[PDB]
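J.: would you be able to build a 3D model of this:
(2 chains, ligands or ions: 4)
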2 protein chains.
Amino acid sequence: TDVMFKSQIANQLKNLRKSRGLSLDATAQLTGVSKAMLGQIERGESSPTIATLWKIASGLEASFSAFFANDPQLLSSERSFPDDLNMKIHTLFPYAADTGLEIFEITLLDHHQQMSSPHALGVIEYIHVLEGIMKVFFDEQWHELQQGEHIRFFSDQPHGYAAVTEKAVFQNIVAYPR
Amino acid sequence: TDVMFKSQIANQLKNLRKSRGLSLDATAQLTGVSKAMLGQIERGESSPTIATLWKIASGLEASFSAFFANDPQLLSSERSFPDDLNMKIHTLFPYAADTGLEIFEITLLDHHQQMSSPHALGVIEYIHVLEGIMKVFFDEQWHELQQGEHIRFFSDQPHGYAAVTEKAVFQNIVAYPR
Ligand code: MED
Ligand code: MED
Ligand SMILES: [Zn+2]
Ligand SMILES: [Zn+2]
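T.: Residues are numbered from 1 along each chain as shown, chains lettered A, B, ... in the order given. Ligands and ions are numbered 1, 2, ... in the order given. For reference, the structure is listed below:
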């Protein structure tokens, strides 16, 4: 499936880019991802990480869900990304333009730590811990959250998530500007 | 010493800022650190992390060493920063304008992971592992390095360091554009 993952992302990334009439170099400037890497991704040569995907989506001002718009069904089954084995994504609600929401249930394993690049301007995130203890980084600091605890923050800044207990599960609501 | 740390940083940050004729708001825009936090730091109300210090120095286009220029001696003794207990900094060579180099010996403990904001444009880093196993993040990926291994990268991008073994020690050369 790692190879099928590559082809899915490669083809849709190209569609998203071409639909916007963007060159690879212009897309590189927008996303902060090298033109070289973007070329490799579209050719199915490199498997992008979840963090790189968000970086690209942010630059294109697209939702994470947009990477699967050609085959919406895939999103509800895409739990394990090849380059992120200690993190599993369960999409509860794919991006909806009317509410601007994208909702995921994330499972962090082996005390994995996930740092992210800023998402698009104005994108806001909500976090609700379902199990374990985890920490969320933003505004230059880590915020520890136990089961049941919650918090929201402006995600258009360097941020991150980390499981303090070996395992942690949390709901993540990503709200895009309307 | 945590309090002495705060006063040292508070006073020199203000000097560096004032010497440049910058307002707090202008400094906020340059560094990406909120004006609120910058105000608290200068008043000795909040203890900045090593990551925040680099973020500020980068925006002011100053060296990390500049934060101790009022009392150079302090740098050679400042090993443990209050908000970074799993990371110890041993400055071997403070910033020198003729070579543009700043050299540190860093000890990471309890498999600590250190993510950093981009340093100033053109700043380059060299890494040489003295002990243990560690990983360095840049160009969207982690690079694992064992004892004796080395690597260099452009640090004006999101990057980071992580000890894979409980403890890891490495030399870090930070070269600023001349
Ligand atoms: C649903 S993927 C994990 C969450 C996403 N907001 C990120 O920063 O990576
Ligand atoms: C000497 S402090 C650790 C190294 C510094 N280049 C950083 O990114 O944090
Ligand atoms: Zn995020
Ligand atoms: Zn650095």
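J.: and the end-to-end length of stretch A:50-68?
T.: 13 Å (Cα to Cα, to the nearest Å).
J.: anything in that stretch near ligand 3?
T.: No. Stretch A:50-68 does not reach ligand 3 (Cβ under 5 Å from the ion); its nearest approach is 6.2 Å. (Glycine included, C-beta is placed from N, CA and C.)
J.: which of the residues in that stretch are buried?
T.: Neighbour counts using 16 or more other Cβ atoms under 10 Å in any protein chain shown place A:50-60, A:62-68 of stretch A:50-68 among the buried residues.
J.: geometric centre of chain A: which residue is closest?
T.: Chain A has residue A:54 as the residue nearest its centroid, 4.3 Å off, counting by Cα atoms, centre = their mean.
J.: what about chain B: which of the buried residues of stretch A:50-68 touch it?
T.: Restricting these to those near chain B by Cβ under 8 Å from any Cβ of the partner chain leaves A:51-52, A:55.
J.: just the CA atoms of the longest helix along chain A, as CSV, please.
T.: In chain A, taking DSSP state H as the definition, the longest helix is helix A:2-19. Output in CSV follows, covering the C-alpha atoms of helix A:2-19 (Å, rounded to 0.1, in the frame of the first residue of the first chain):
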residue,chain,number,x,y,z
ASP,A,2,3.0,2.3,0.5
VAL,A,3,3.3,2.3,-3.3
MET,A,4,-0.5,2.9,-3.7
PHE,A,5,-0.1,5.7,-1.2
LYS,A,6,2.5,7.4,-3.4
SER,A,7,0.5,7.1,-6.5
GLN,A,8,-2.6,8.5,-4.8
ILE,A,9,-0.8,11.5,-3.5
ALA,A,10,1.3,12.0,-6.6
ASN,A,11,-1.7,12.1,-8.9
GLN,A,12,-4.0,14.3,-6.8
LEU,A,13,-1.2,16.8,-5.9
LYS,A,14,-0.6,17.3,-9.6
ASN,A,15,-4.3,17.8,-10.1
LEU,A,16,-4.6,20.3,-7.3
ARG,A,17,-1.5,22.2,-8.6
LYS,A,18,-2.5,22.1,-12.2
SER,A,19,-6.1,23.1,-11.4
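J.: and it, how far from the chain's centre?
T.: Its chain's average C-alpha position is 15 Å from that of helix A:2-19, according to Cα atoms, centre = their mean, to the nearest Å.
J.: one step back: the residue nearest to the centre of chain A contacts residue A:115, correct?
T.: No. Counting by Cβ atoms under 8 Å, residue A:54 sits too far from residue A:115 to count as a contact (10.9 Å).
J.: which among the ones next to chain B among the buried residues of stretch A:50-68 gets closest to residue A:84?
T.: When those are ranked by distance to residue A:84 (Cβ to Cβ), residue A:51 comes first, at 8.2 Å.
J.: what's the helix or strand for the closest one?
T.: For residue A:51, the element it lies in under DSSP states H and E is helix A:50-60.
J.: so does that helix get close to ligand 1?
T.: Yes. Judged by Cβ under 6 Å from any ligand atom, helix A:50-60 and ligand 1 are in contact via A:50, A:54.
J.: quick one: contacts of whichever helix or strand comes after that helix?
T.: Downstream of helix A:50-60, the first helix or strand assigned by DSSP H and E is helix A:73-77. With contacts defined as Cβ atoms under 8 Å, 6 or more residues apart in numbering or on different chains, helix A:73-77 is touched by A:8, A:65, A:68, A:91, A:94.
J.: most proximal residue of chain A with respect to ligand 1?
T.: residue A:116 (3.4 Å; Cβ to the nearest ligand atom).
J.: can you count the residues close to that residue?
T.: 21 (other Cβ atoms under 10 Å in any protein chain shown).
J.: and it, how close does it get to chain B?
T.: From residue A:116 across to chain B, the span is 9 Å (Cβ to the nearest Cβ, to the nearest Å).
J.: contact partners for that residue?
T.: Residues counted as contacts of residue A:116 (Cβ under 8 Å, 6+ apart) are A:51, A:54, A:155, A:158-161.
J.: so it bridges to which residues?
T.: Taking DSSP bridges as the rule, residue A:116 bridges to residue A:159.
J.: picking up where we left off before, which strands and helices lie in contact with the longest helix of chain A?
T.: helix A:35-42, helix A:50-60 (3 or more Cβ pairs under 8 Å, 6 or more residues apart in numbering or on different chains; DSSP states H and E).
J.: how about the ones you listed in a markdown table, adding distance to residue B:135?
T.: As requested, those are exported to a markdown table (distance: least, Cβ to Cβ, whole Å):
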| stretch | distance to residue B:135 |
| --- | --- |
| helix A:35-42 | 19 |
| helix A:50-60 | 15 |
